[PDB]
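Student: okay, here's the opening piece of the assembly, coordinates as they are in the complex:
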Amino acid sequence: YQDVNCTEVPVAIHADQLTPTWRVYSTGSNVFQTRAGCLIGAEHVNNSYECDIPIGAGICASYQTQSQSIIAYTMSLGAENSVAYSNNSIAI
């Protein structure tokens, strides 16, 4: 849901005149507040993989086999690295 809180979804979509099947995608236990709306139905992991399905604002999603479920995560820019610098040292 694009620009709503995760506690105003029931009132913004009128989640009382909808079918009971549509009313499972407006409740808790899986709500996740991204910066691009509210995401419902995806399990939030704390790792960082490559982007599979771009959601937005730095959040991607994929279909993993933890049995199977949709997980949302924060994309990683790359592999961290550092270079040893000094004023009398080269590498050839």
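Tutor: Thanks, I have the structure now. Numbers count the residues shown, from 1 in each chain, chains lettered A, B, ... in the order given.

Student: and the closest residue to residue A:76 other than its chain neighbours, what element?
Tutor: Spatial nearest neighbour of residue A:76, excluding adjacent residues (Cβ to Cβ, 6 or more residues apart in numbering): residue A:48 at 3.8 Å. In this view, the C-beta of every residue, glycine as well, is placed from N, C-alpha and C. In this structure, residue A:48 sits in neither a helix nor a strand according to DSSP states H and E.

Student: pretty sure residue A:48 is touching residue A:78, no?
Tutor: No: Residue A:48 is beyond contact range of residue A:78, at 10.3 Å (criterion: Cβ atoms under 8 Å).

Student: of these two, which one has the most company?
Tutor: Between residue A:48 and residue A:78, counted using other Cβ atoms under 10 Å, residue A:48 has the larger neighbour count: 11 against 6.

Student: OK, contacts around the more buried one?
Tutor: Contacts for residue A:48 (Cβ atoms under 8 Å, 6 or more residues apart in numbering) come out as A:73-76.

Student: same check on residue A:54?
Tutor: residue A:60.

Student: wait, a strand at it?
Tutor: Yes: counting by DSSP: H, G, I helix; E, B strand; the rest coil, residue A:54 is part of a strand.

Student: beta partners for it?
Tutor: residue A:60 (DSSP bridges).

Student: okay, now chain B:
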Amino acid sequence: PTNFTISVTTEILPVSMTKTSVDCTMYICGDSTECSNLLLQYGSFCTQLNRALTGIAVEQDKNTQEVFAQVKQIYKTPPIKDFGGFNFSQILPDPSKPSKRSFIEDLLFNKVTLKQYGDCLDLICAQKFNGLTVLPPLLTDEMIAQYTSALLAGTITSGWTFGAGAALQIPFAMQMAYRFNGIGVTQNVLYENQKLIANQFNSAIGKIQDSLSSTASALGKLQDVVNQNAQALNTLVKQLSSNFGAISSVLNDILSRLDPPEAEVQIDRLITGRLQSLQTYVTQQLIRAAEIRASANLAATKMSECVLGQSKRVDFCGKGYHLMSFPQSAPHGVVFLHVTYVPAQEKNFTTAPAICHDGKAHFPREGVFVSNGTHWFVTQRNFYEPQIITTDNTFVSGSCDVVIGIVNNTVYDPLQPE
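Tutor: Placing chain B onto the earlier chains gives this:
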């Protein structure tokens, strides 16, 4: 020329624009059942619009991935050590500044002037209720500064070697010496004048920020991409007051005064008139995306060649002779800081093509022949540093009759005294 100058210049380039989406039924009919049932015997002029708009939207992320994700090893800014006398403080990120962006980027983000559904319940809510939505970009403003701080921290540590393989460290002075040697001048010119060049660079960096602090029309290209994408969406909503030959422009004053057979003649005029506005909007967006794409490709080439290397192409990376560049991120764009070497106060001299010693013609290996009135020296062409004509500054070819302006002088054998 006898002296030089270090000059830092600025270039600004758009990379991307806003991503939008349009709901056909909500814009045309607007939660009406008499309409949107008449807008079903019309054709497929609503899937073909959202194909084009999605093709536009998903390309603005490739635009950014091309420019900024050049290298995917996030090098870390080393604790600022001595760089020979150079002070990269205003461009390297500060720990305390918001979103770990540098001083110059903080200056740049303020100049360019870019709502929860709980607040709409102005002109943004008027276009949100009519189906027009603005999507968010994939790569946030904190993920671009981290790419830029790695592009800018690999190049002041390793040099040109991290855009061609593994990063190999090298002292900064011994990197600027090779960069000098790549434009014609020699190493001793830098190694003997290091403090002056460091001071010139540090005093040239401290003028860009002063320019950016008292000039409103600095980022003029990056504001005209955010003005037009708002003007279009504001015109698309003002276009809902037009009755394209119908009795009224309001759809609830036609359905409350006429019965279906007499109303379908006005509804079918409003539908036809409101599809044309959407088609015009889509065509203009398709036309502007093709310019933003070209600017993104130019910025990607400029990032690859001016920042990750050193270009010989004239006026491609500034004015003068190119030494290095540093990137900074601006909203919906990129800013390059080019460093160039400009020759300075020069002098007149008398020149010759060759030297006729005793029946031979000596030509210079690298420089030119000059005279201070009564003596002849050999210099390098981009900096006055005279020497003595010997057999290891020149080479012999032919005799003294084919060369037109050949003069007579002496060439000193280096090993003859011994």
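
Student: in light of the added chain B, please revisit the contacts of residue A:54.
Tutor: Each residue near residue A:54 by Cβ atoms under 8 Å, 6 or more residues apart in numbering or on different chains is listed here: A:60, B:61, B:138.

Student: go with 10 Å
Tutor: Counting by Cβ atoms under 10 Å, 6 or more residues apart in numbering or on different chains, residue A:54 touches A:60-61, A:75, B:58, B:61, B:138-139.

Student: what of residue B:28?
Tutor: Residue B:28 touches B:35-36, B:38-39, B:42, B:45-46, B:130-131, B:240, B:251, B:270-271, B:273-275, B:277-278, counting by Cβ under 10 Å, 6+ apart.

Student: ditto for residue B:43
Tutor: Residue B:43 neighbours (Cβ under 10 Å, 6+ apart): residue B:275.

Student: ok, residue B:241 next?
Tutor: Here residue B:241 is in contact with B:249-250 (Cβ under 10 Å, 6+ apart).

Student: go with 8 Å
Tutor: residue B:249.

Student: likewise for the one 5 residues further on?
Tutor: For residue B:246, the contacting residues are B:254, B:266-267, B:269-270, B:273, taking Cβ under 8 Å, 6+ apart as the criterion.

Student: can you name the residues of chain A sitting close to chain B?
Tutor: Applying Cβ under 8 Å from any Cβ of the partner chain, one finds that chain A approaches chain B through A:2-5, A:8, A:12, A:35-36, A:51, A:54, A:56-58, A:77-92.

Student: while you're at it, add chain C from this line:
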Amino acid sequence: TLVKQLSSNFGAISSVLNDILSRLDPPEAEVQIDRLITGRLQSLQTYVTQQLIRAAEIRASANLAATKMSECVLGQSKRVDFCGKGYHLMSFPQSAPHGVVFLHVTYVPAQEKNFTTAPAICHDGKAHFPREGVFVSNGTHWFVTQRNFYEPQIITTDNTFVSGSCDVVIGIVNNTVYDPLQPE
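Tutor: Same chains as before, plus chain C:
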């Protein structure tokens, strides 16, 4: 899409042109025919505009491919990352349907080593700078190498050139320079 767009009645009574001409007389039919005509011209115009817009991208890709053929295949480019990743050696073209495929050959440096470096050498009152490579040390001796491949040599007067004295260069070290013709 241009053919599926023929099932639309743009406000007319029907989308089939033979069910309007078989049920209405000309004065009553020209009002529906003139709606179908107007609606079927718009689809052609949209198609033409979109084709004109896509041709302008295909043209840009063709120009890029022509420049890349001229510079990567018929020569050797110094432009970075224009003809691959690394340092460019050569390229070979292959033809693909509606396109082109370039095979770029590049030289990538490999397993590297650490060394201690200096800007200049102070022999006896002079400062020697290297002609091509860099000065390195294996801990106790000083050599001159080329910067893109470790191949050490001996510091002589035909690897270096003299300029100035040993006070302006910041990190100058002291060593010896071997005269090549002094033994003779």
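
Student: since we added chain C, can you redo the contacts of residue B:28?
Tutor: B:35-36, B:39, B:271, B:274-275.

Student: what sits against the residue nearest the centre of chain A?
Tutor: Chain A has residue A:72 as the residue nearest its centroid, 3.5 Å off, counting by Cα atoms, centre = their mean. By Cβ under 8 Å, 6+ apart, the contact set of residue A:72 is A:32, A:34, A:39, A:42-45, A:55, A:59-61.

Student: buried ones among the residues you listed?
Tutor: For those, a burial check counting by 16 or more other Cβ atoms under 10 Å in any protein chain shown picks out A:34, A:39, A:42, A:55, A:59-61.

Student: going by distance to chain C, which of those residues wins?
Tutor: residue A:60 (25.9 Å; Cβ to the nearest Cβ).

Student: can you give me the helices in the stretch 251-400 of chain B?
Tutor: Along the stretch 251-400 of chain B, the segments classed as helices by DSSP state H, counting those that start in this stretch run B:260-302.

Student: enumerate the residues of it near chain C.
Tutor: Counting by Cβ under 8 Å from any Cβ, the stretch 251-400 of chain B sits next to chain C at B:264, B:268, B:271-272, B:279, B:283, B:286-287, B:290, B:293-294, B:304-305, B:308-309, B:311-312.

Student: for the contacts of residue A:72, give me TSV that also has distance to residue B:363.
Tutor: Converted to TSV, these look like this (distance: Cβ to Cβ, whole Å):
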residue	distance to residue B:363
A:32	76
A:34	71
A:39	75
A:42	75
A:43	77
A:44	74
A:45	71
A:55	68
A:59	67
A:60	64
A:61	70
